[PDB]
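# Secondary and tertiary structure notes
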Amino acid sequence: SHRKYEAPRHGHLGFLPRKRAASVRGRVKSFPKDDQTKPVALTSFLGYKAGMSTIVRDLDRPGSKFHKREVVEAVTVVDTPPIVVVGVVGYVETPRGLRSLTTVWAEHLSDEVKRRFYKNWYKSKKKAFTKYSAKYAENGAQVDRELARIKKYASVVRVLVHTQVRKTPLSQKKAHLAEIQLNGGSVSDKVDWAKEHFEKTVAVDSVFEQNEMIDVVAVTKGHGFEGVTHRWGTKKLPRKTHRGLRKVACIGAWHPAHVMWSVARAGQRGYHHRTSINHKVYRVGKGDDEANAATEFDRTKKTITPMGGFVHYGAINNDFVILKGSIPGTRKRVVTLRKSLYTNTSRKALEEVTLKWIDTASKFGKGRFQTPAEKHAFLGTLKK
Amino acid sequence: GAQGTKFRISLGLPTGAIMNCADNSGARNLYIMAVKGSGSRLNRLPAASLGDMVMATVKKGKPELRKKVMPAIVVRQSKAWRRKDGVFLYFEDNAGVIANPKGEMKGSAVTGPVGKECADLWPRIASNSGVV
Amino acid sequence: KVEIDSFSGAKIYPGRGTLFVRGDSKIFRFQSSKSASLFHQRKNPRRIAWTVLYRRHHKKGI
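Residues numbered from 1 in each chain as written, not as in the entry; some residues may be left out. Chains lettered and ligands numbered in written order. Part of a larger assembly, values for the part shown. Heavy atoms only, no water.

The name that the PDB entry assigns to chain C is 60S ribosomal protein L24, with the source organism given as Kluyveromyces lactis. Looking at the header, the entry is titled "Structure of the Kluyveromyces lactis 80S ribosome in complex with the cricket paralysis virus IRES and eEF2".

Condition: UniProt positions are given in the numbering used here, feature names are shortened, and annotations may be inferred rather than shown by experiment.
The name the PDB entry gives chain B is KLLA0E06997p, with Kluyveromyces lactis as the organism. Taken directly from UniProt, the Sequence similarities (unreviewed entry) text for chain B runs: "Belongs to the universal ribosomal protein uL14 family."

Pasting the structure below:
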């Protein structure tokens, strides 16, 4: 027979299959294409999601009812300790896709990175990059030929980078390596750019500017297994029902005599790799600064860390990115922030964001106050 | 009919949901039968929500109003909605005034307060409104 | 603006806590559910030791 009330379907098909995703790094797949006019710059950046807070911002949408007003918007905060460019890769335009030609690295790699290459660092005798570091001994003969090789062929040059995890609050030590494309005019420039950046660091301030859309890429939270109703978002069966409710009732039908792939059924939820998109940035903070949260409007010397730390995450003692809205992922989780792949002339993207205010209150409770200073004044004082 | 862009608010008054009448016109209360500008998702109810015009019926009142479908507006809600300004709010009640489709009133006044959203969306309710 | 609790006197920063409108069209901003949910339990601020309105009419730390 037929459906009867031809209702729209549960769950997006495209996002199948719902695995765990092999890594816990965002892993940006696609990067923006070319710009000969534009100079060499990192397309992406690796962060650490600290958590969230509100913002109270103006509103410059002429035509919206809320034009020229205070409007609270939620916001994530992402620690973004200076990235460390560590290597270069090459890539050649084959018929069978791209293909990495070579890697060159630094002379010296931090025990941050080296640790990545081991699972039992504590036992190991830590030979990760030693006989490689002894390539450099011969003036730089083997290295120059490698970077020449790339400079010869290589349609694309991805710069290996890594995350300062010693400037975070995370128990982690093992830094997260990542390729990230460079998108400047000419490869001869890209390679030379990154040849002048091994060991050398990269702040966010360079890559992203304030008021700029950023397609954030992450691994979503977690959950584990999960029944249909909460994964696919099907209706529960009526209370009366024998053999339980949180279920799809009728998978498929007699013929075809297999359970379709389009049928909702349970097993992993979350831990999925979701690039999201169009996450506008509201601020680009700095580590060697008090009064990070302090605006043009506020003038109260306070840090973007909330009272008593971002729950779980920790503090923030660093450069960071205030992004608008939610972001896939937890706190503590690496988030690979990537430039958008296209010119938004959405007006929404173009609005010159000015933060009027930020919520620094304790998030481990219901914080009345933003600073401890204010809590002395308000309470008085005392008794301790 | 509706003067301007109704910004979204939390849905509060599904179908049936009676609500007190906020106008003097002697609908003693209104039963939300159906909602105007409702979507249509299988096996979900039409939810009204403050400002949304509905098609009420007077379940209690003077009977010139009773036993005939008629439009009305929800001017009060009680399901706590969020303003884009950042606050939440919610009234002590759900309530509405009976209306015509042009957005004009049956009744010349409106008891209690009204939501600024509801005032903004219709000129006339703001006029017959006290506190907004 | 930074509003204040009409139950317990505390500061209510923007984007936090409720508002509420009683039948007389009076307003009652709350910081939390605590302050709210006492007001929706019909309890007197004057008798709640953590309010300001208690700690004013007892004269605490002025």
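### A few points about the interface of chain A and chain B
Going by this rule: In what follows, a contact means two residues having at least one pair of non-hydrogen atoms within 4.5 Å. We define buried area as the total accessible area lost by two parts upon association, computed with a 1.4 Å probe and summed across both. Following the grouping adopted for this structure description, the nonpolar residues are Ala, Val, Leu, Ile, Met, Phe, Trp, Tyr, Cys and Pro, the charged ones are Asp, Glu, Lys and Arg, and the polar ones are all others, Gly among them.
On the chain B side, the residues contacting the 13 residues of chain A number 15 residues. In this assembly, chain A packs against chain B so that about 1,100 Å² is buried in total across both faces, 55% of it on carbon and sulfur atoms. Considering only the side of chain A, the residues that lose the most area to chain B are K65(A), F66(A) and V72(A), jointly responsible for 50% of the buried surface there. Looking at the side of chain A that touches chain B residue by residue, the class counts come to seven nonpolar, one polar and five charged.

### As for the pattern of salt bridges
Residues and elements named next belong to chain A. How we decide: Each salt bridge in this description consists of a side-chain nitrogen of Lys or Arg and a carboxyl oxygen of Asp or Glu lying within 4 Å of one another.
Under the counting rule described, the total for this entry stands at 16 salt bridges over all chains. For the salt bridge of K302 with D298, the shortest nitrogen-to-oxygen distance reads 3.0 Å. The network of salt bridges with shared partners includes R57, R61, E73 and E351.

### Describing helix α2 (residues 141–152) of chain A
All names here are of chain A. The following threshold applies: Only DSSP runs of H or I with at least four residues qualify as helices, and only runs of E with at least two residues qualify as strands; both kinds are numbered from the N terminus onward. Multiplying one less than the number of residues by 1.5 Å gives the expected span of a helix. Between buried and exposed lies partly exposed: a residue is buried under 20% and exposed over 50% of the maximum accessible area for its type, with that area taken using a 1.4 Å probe on protein chains only. Here the arc refers to the directions that run from the helix axis out to each C-beta atom.
Helix length check: α2 (12 residues) gives 16 Å between terminal C-alpha atoms against 16 Å at 1.5 Å per residue, within 8%. Among the residues of α2, those classed as buried are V143, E146, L147 and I150. Along the axis of α2, the buried residues cluster in a sector spanning 90°; they form a single face. Seen from the open side of α2, the exposed residues pointing more than 90 degrees away from its buried face are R145 and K152. Summarising the contacts, the buried residues of α2 are in contact with β3 (83–89), β4 (103–105) and α3 (187–195). Of the residues flanking the end of α2, it is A154, one or two places downstream, whose phi is positive at about 60°.

### Concerning the interface of chain C and chain B
Quoted interface sizes are often the accessible area lost when the parts come together. Selection criterion: Residues adjacent in sequence count toward polar contacts only when both atoms are side-chain atoms; beyond that, a polar contact is any pair of N or O atoms within 3.5 Å, and within protein one must be able to donate a hydrogen and the other to accept it.
Listed by partner, the interface residues are 12 residues for chain C and nine residues for chain B. For the pair chain C and chain B, the number of links is zero salt bridges. At the surface where chain C touches chain B, the tally comes to five residue pairs in polar contact. Here the residues of the side of chain C that touches chain B sort into five nonpolar, six polar and one charged.

### Looking at the sheet that holds strand β1 (residues 16–21) of chain B
Residue and element names in this part refer to chain B. So the rule is basically this: Any two strands are treated as partners once DSSP identifies two or more bridges connecting them. Here the axes come from fitting lines to C-alpha atoms, over the contacting stretch only for helices, and the angles between their N-to-C directions go from 0 to 180 degrees.
With respect to topology, five strands assemble into a closed barrel ordered β1-β2-β3-β4-β7, the strand pairing being mixed. Strand-to-strand twist across the sheet, computed as the mean angle between neighbouring axes with direction ignored, equals 55°. In this structure, β1 lies alongside strand β7 (residues 95–98), joined through two bridges in parallel fashion. The residue bridging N20 from the neighbouring strand is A95, located in β7.

### Overview of unusual backbone geometry
Residue and element names in this part refer to chain A. Of the consecutive residues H255 and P256, the connecting peptide bond is found in the cis state with omega at -10°. At the junction of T381 and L382, the peptide bond is cis and its omega measures out at 20° in the coordinates. For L382, the position within the fold is in the segment after α6 (372–379). Notably, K173 is not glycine yet its phi reads approximately 55°, a positive angle. On the secondary structure map, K173 appears in the loop between β5 (158–163) and β6 (177–181). A relative accessible area of 49% places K173 in the partly exposed class. Phi is positive for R299, which is not a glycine, with a value near 65°. Relative to the assigned elements, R299 resides in the loop between β10 (279–285) and β11 (320–324). Assessed through its relative accessible area of 70%, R299 is described here as exposed.

### Quick look at the environment of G112(B)
Its location among the elements puts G112(B) in the loop between β7 and α1 (116–121). Judged by its relative accessible area of 22%, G112(B) falls in the partly exposed class. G112(B) sits 17 residues away from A95(B) along the chain, and the two C-alpha atoms are 9.3 Å apart. When sequence neighbours within four positions are dropped, the list of residues in contact with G112(B) reads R76(B), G23(C) and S25(C).

### Notes on the layout of surface pockets
Residue and element names in this part refer to chain A. This is how it is decided: Grid spacing is 1 Å over the protein atoms alone, the probe is 1.4 Å, and a cavity is where that probe fits but cannot get out, while a pocket is an open set with protein on both sides within 12 Å along at least five of seven lines and lining residues have an atom within 4 Å of a point. Grid points are joined across faces, edges and corners, and a volume is the space filled by probe spheres set on the points.
Looking at the largest pocket, its volume works out to about 880 Å³. Looking at the largest pocket, it is lined by 24 residues, and the ones nearest its centre are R3, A7, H10, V248 and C250. Looking at the lining of the largest pocket, its residues break down into 11 nonpolar, six polar and seven charged.

### Re the side chain of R333(A)
Residue and element names in this part refer to chain A. Short version of the rule: Only four residue types enter the charge count: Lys and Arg as positive, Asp and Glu as negative, with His and the chain ends excluded.
The topology assignment puts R333 in the loop between β11 and β12 (334–339). The side chain of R333 sits in the buried core without any salt bridge; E226 is the nearest counter-charge, 14 Å away. Reaching out from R333, the side chain makes a polar contact with the backbone oxygen of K221 at a distance of 3.1 Å. With near-sequence residues (within four places) excluded, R333 lies in contact with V24, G47, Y48, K49, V219, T220, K221 and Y271.

### Notes on the side chain of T305(A)
Following the sequence through the fold, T305(A) ends up in the loop between β10 and β11. By relative accessible area, which is 17% here, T305(A) ends up buried.

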